[PDB]
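Participant: One structure, as structure tokens, below. Some questions next.
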Amino acid sequence: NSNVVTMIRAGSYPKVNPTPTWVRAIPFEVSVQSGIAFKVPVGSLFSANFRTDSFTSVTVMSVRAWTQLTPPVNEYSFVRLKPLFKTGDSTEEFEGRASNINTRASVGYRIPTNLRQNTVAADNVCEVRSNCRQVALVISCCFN
Amino acid sequence: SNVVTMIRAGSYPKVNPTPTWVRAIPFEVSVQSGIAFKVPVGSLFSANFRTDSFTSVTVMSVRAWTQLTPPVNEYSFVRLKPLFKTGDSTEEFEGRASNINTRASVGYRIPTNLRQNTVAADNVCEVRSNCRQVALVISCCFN
Amino acid sequence: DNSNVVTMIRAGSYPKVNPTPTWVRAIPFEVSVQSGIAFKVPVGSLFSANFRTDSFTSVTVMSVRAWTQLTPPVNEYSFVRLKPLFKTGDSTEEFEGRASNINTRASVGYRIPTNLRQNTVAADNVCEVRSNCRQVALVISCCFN
Amino acid sequence: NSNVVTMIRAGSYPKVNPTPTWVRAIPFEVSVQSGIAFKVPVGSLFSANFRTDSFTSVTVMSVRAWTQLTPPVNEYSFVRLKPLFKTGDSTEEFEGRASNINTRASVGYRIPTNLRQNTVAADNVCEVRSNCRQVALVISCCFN
Amino acid sequence: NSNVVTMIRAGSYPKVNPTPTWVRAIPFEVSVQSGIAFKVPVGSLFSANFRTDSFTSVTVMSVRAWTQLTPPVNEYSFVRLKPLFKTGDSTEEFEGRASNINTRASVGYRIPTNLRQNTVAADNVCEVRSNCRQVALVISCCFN
Amino acid sequence: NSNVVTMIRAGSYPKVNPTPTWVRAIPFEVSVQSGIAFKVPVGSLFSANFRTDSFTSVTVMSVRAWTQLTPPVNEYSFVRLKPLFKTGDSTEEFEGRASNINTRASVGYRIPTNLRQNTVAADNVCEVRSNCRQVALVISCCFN
Amino acid sequence: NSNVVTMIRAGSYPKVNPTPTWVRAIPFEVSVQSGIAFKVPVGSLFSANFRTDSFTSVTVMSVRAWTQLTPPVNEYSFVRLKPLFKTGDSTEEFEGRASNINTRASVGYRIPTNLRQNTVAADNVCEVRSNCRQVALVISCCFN
Amino acid sequence: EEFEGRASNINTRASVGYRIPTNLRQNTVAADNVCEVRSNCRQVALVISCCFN
RNA sequence: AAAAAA
RNA sequence: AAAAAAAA
RNA sequence: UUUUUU
RNA sequence: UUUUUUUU
RNA sequence: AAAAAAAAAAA
RNA sequence: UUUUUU
RNA sequence: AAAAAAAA
RNA sequence: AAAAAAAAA
RNA sequence: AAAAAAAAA
RNA sequence: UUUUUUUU
RNA sequence: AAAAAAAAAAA
RNA sequence: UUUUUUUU
RNA sequence: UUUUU
RNA sequence: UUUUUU
Ligand SMILES: [Cl-]
Ligand SMILES: [Cl-]
Ligand SMILES: [Cl-]
Ligand SMILES: [Cl-]
Ligand SMILES: [Cl-]
Ligand SMILES: [Mg+2]
Ligand SMILES: [Mg+2]
Ligand SMILES: [Mg+2]
């Protein structure tokens, strides 16, 4: 309600951290080929395009996908996700298909707490299969 | 009361022949592929909106829709980057379509602490889209 | 706290829009008057860039109020009459208000019933004004459309 | 109660009006022929027989009609009313018939608020049709 | 509500009255000479400027007076009222004075129910006195 | 309920009206050119196609308009409306745009009670603009 | 209750019907001979005088009859109604007599919902008998 | 905007004021200007509720 | 609460 | 209690 | 209680 | 309350 | 027990 | 409440 | 909540 | 009914 | 989303 | 609600 | 809260 | 039992 | 109440 | 309830 500056009765110097962690929802795309699985690299989350180039590690919480280009002729779009982990890759293929040809396909998977460790740029996140030549992704992750 | 009735008016009131006006102004802009276009504040001053008599305006929010179809195989999309005289933003508020035949849409609100006047020479925001036009509806206050 | 930065709006379908909306206003303007002579106030005085209304061509008047704008003749108390005029039939009322102090304005006004609130164009007239003061200040509450 | 004059403590000069408005029901008769409609002119309402000769406009609210003379032999009286408006005449025929030959026939119609604009002497109110030679009208209106 | 005409199921022809009564506040002025009383004539109430030229009798209820022009130099406005009755004039002088030389003087008097009989043009209502050359009155009356 | 005809103890002859009013929603289409407004005629409402050829006037209440044909390539349908009145034309351009190129565009406007007078065939309702060569109208009105 | 037009945010194209049904009370008169029964044809309900010339069928609910002309000398008016149906004519003679020679004779009958089918112009509704040469009818029906 | 106030008594002052919303309450230096004033009287008295800092 | 219909 | 005729 | 409007 | 119906 | 009828001049 | 009456 | 300037 | 601005008016 | 901001009674 | 105080 | 005094013209 | 940036 | 959530 | 007064 004050229109003017005021005096803060500051005390002892507080605990500081010039490089906190930040929880994010990173949107990026990946080019997919027909019948070929594409390994999504973690390194794609580290970029000045997301303000995250200052990080080297990230704990992924959940992954969501969307077909980014139209599907072949006569077909309905589809996208699949196989979760990948350093301690052991999964064989799940969380799939989603569009019920309208003109509409995107989508799917996502959540990572359980016991599997939410850090990952670096060299590591992979999951395999993406699709009949569309491009898939949009949105990863909910904790940079640190 | 089906007939005129007398009014017991009193002293002469405080008057103002040129008041303010809260408005939602719809106008379109042309956008080029892979290029950002600065939305000029001047577009809000026009006889088409009854706002030619104004020279300044306080923008409150900005919403955007793609106005033409997207490139073949692509889904529409539109981004908005707020711009201020005291410092431009780097936010890219993006919305995308989920049906190729449908518009993409997104918008942003200006916080009270940044709601200062802007004149015709100023710019509201940068617009990016894969669509050759974008329809903007800006909720603002003319003064 | 309130927001200190820009925030995203999860807009959706393109809304119904209107670039030339209506506007409810209270317009102030004066009219010169002559002694013992009425003056038909033109509706075209409400349309003007001095009121931001030059873009309108019709208007619905709701009420009319009037104040003498200049002093009265020597030894006289100000006064002002209003006779409503309507295209379907002018009125014969003479709503009159007088001043009780020579140095003070005279005032009066009238309300238009809902059934008589149709559009009026510049060529039309609102009401006649009589007064011993040479100029009268009007404040008209009207809906431009 | 008071039996003598008493001093009123008047103050400022009030808002006055020498020519005020008036709500009225005007009784008058119109002359009607067989099979021929008669347009009731609004000018019939302004007259020193009603104290209304000082008005040039009037807002009609409702119209009531009664036959005024005996019907043709072997017939029961009747009367019709077709509202007329400067913005567009109406085609209704609000009719009323007597159930006794010796009794008047009556009918009427109300004008809705959205159609209650002024009218001048040169205007018409409604068409009257009857098998009686004369008709009696009572028009509720607000002179101004 | 209603946007179109609607029928009225009228019955027998009602009692009517084309020349009814009217309760009014009639504003008018009178010229007054210094030191001389002016008998206000009832005829002033009958006039087409008031819509009452169709009446020939009136019952007065109350009379209020205001000075219409400025007072003499150095003096505060004043005005008196002496009621007059055909049955017997009264010797009251209901006097109101102004407290600002620039402001009107005002006063009035009420007529008791027992002294509320008609009056005709030839009659008078009251004597007015004032140091101002004109007096504006507002008489509340029932024309009949 | 009853399986056979029953007697009605009818009384005096009632009030009747062989030509009553009628509240309707009238659908019709108009041709519109590119960049050119089209004044929609009130006469379109009177017609044997709507059972309203017996009416000569109509009190319009609201207007709703949809695009009837596809829009130009790459564009989304739109339709504007400018209310027109005999007492004064409006400058409002109530617009409605589609968000799916395959979907109609729609918009309407309500007429306020104080503007719900009648209109005749000669009169016009509103100006229609659109990028589609044909517009569908649905006018909620009261025929009288 | 505004004072000026507002925008309606219309939606999809609604279901429409340019030629809806109509519930009506159609008044008309039928000429009758003494001692002879007159069949009332249904086609009399279709006519531009009733705004129904666009209907080819109708469902009749009730019938009411009033003698339209005076009776013979020394007699009291009367009227008889005999319902007629395509699936089988009735033999009821619903009758009503005046208790005052100068007063109409009235009677009507209700059609039960199991016998409320459509009737075309060539069909007949009921036979009429009376000692008056004409008879006024008011039929409550549903035009479709 | 032209917030205007007139007097109903010739011998009386004419008055009018305007409030500045929160989103437009920033600092102003000497060179700057507050508002334009138009009056038929040759002088005008101002009372400005401000916050020096 | 609007119009037509015991 | 619905339907029919009657019925203070 | 029904039908158009809503 | 004369004639008909109404899930046993 | 919020404990009888008014009007005229001065609170 | 003072005070002048039916 | 007392005091100061402001303040519907 | 979580992290990164604050843990006390 | 069911209360408020601007102009008006 | 801008500047001061008020028993820890 | 069954939420202030009447009369004149039109319900 | 204050609220504000970003999170499925 | 018009405009704007 | 509309509306015209003390
Ligand atoms: Cl589709
Ligand atoms: Cl398609
Ligand atoms: Cl003074
Ligand atoms: Cl004129
Ligand atoms: Cl209606
Ligand atoms: Mg797809
Ligand atoms: Mg008769
Ligand atoms: Mg008979």
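Participant: Per-residue HN-Hα couplings for the stretch B:132-137, Karplus 6.51 cos²θ - 1.76 cosθ + 1.60 at θ = phi - 60°, whole Hz, x for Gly and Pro?
Facilitator: With the stated coefficients, the stretch B:132-137 comes to 6, 9, 9, 8, 10, 10 Hz.
Participant: Relative contact order (percent) for the stretch C:52-132, with alpha-carbon contacts under 8 angstrom and 6 or more residues of separation?
Facilitator: 41
Participant: Right, another one. To the nearest 20 debye, what is the magnitude of the charge dipole of the protein assembly as shown about its Cα centre, counting +1 on the Cβ of each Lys and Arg and -1 on the Cβ of each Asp and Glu?
Facilitator: Working: 111 positive and 69 negative charges, 280 e Å.
The calculated dipole for the protein assembly as shown is roughly 1340 debye.
Participant: To continue, here is another question. Between F:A105 and residues 5 or more places away or on another chain, which pairs have amide H atoms under 5 Å apart, with H built 1.01 Å from N, and which residues are they?
Facilitator: Distant-sequence amide H within range of F:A105: F:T67.
Participant: For G:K39, go through the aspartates and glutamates and keep the ones whose alpha-carbon is under 15 Å away, minus same-chain ones fewer than eight residues off.
Facilitator: G:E29, G:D89, G:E92, G:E93, G:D123, G:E127
Participant: For C:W23, what residues show an amide H to amide H distance below 5 Å, using hydrogens built from the backbone and excluding near sequence neighbours?
Facilitator: C:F144
Participant: Once amide H atoms are placed 1.01 Å from N in the peptide plane, what residues at a sequence separation of 5 or more from G:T6, or on another chain, have their amide H within under 5 Å of its amide H?
Facilitator: Result for G:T6 returns F:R110.
Participant: Further question: Reachable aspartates and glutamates from B:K38, Cα under 12 Å, same-chain residues fewer than 8 places away excluded?
Facilitator: B:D88, B:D122, B:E126
Participant: Can you run phi through the Karplus equation (6.51, -1.76, 1.60; θ = phi - 60°) for the stretch A:79-94 and list ³J(HN,Hα) in whole Hz, with x for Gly and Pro?
Facilitator: In residue order, the calculated couplings are 9, 10, 9, 10, x, 10, 9, 5, 6, x, 6, 8, 10, 4, 9, 4 Hz.
Participant: Another question about this same structure. In whole Å and largest first, what semi-axes does the C-alpha gyration tensor of the protein assembly as shown yield when each eigenvalue is scaled by 5 and square-rooted?
Facilitator: Value: 68, 54, 22 Å, ordered largest first.
Participant: At most 12 other Cβ atoms within 10 Å and a DSSP loop assignment: could you name the chymotrypsin sites (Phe, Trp or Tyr not before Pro) in the stretch C:43-110 that fit?
Facilitator: Nothing satisfies the criteria.
Participant: Could you tell me the distance between the Cα centroids of the stretch E:4-58 and the stretch B:1-77, to the nearest Å?
Facilitator: Here the two parts' Cα centres lie 55 Å apart.
Participant: While we're looking at this one, here's another question. In vacuum, with every alpha carbon of the stretch B:59-143 counted as one equal point scatterer, what does the Debye formula give for log10 I(q)/I(0) at q = 0.14, 0.21, 0.22, 0.25 Å⁻¹? Two decimals, please.
Facilitator: -0.49, -0.93, -0.99, -1.18
Participant: Report Rg (one decimal) and Dmax (nearest whole number) for chain A, counting Cα atoms only, units Å.
Facilitator: 19.9, 70
Participant: From the backbone phi of the stretch C:31-46, what are the Karplus-calculated ³J(HN,Hα) couplings (6.51 cos²θ - 1.76 cosθ + 1.60, θ = phi - 60°) in whole Hz, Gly and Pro given as x?
Facilitator: Karplus values, whole Hz, x for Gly and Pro: 9, 6, 10, 10, 4, x, 10, 7, 9, 7, 5, x, 5, x, 6, 7.
Participant: May I pose another question? For chain F, calculate the relative contact order in percent as a whole number, restricting contacts to Cα pairs under 8 Å that are 6 or more residues apart.
Facilitator: Relative contact order for chain F comes out at 42 percent.
Participant: While we're here: So for chain D, taking the charge dipole from beta-carbon charges (+1 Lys/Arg, -1 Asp/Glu), which of D:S62, D:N144, D:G43 sits furthest toward the positive end?
Facilitator: It is D:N144.
FYI, it's all coordinate maths here, none of it is from the lab. In this analysis, Cβ positions are derived from the backbone assuming ideal geometry, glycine residues included, and neighbour counts consider all displayed protein chains.
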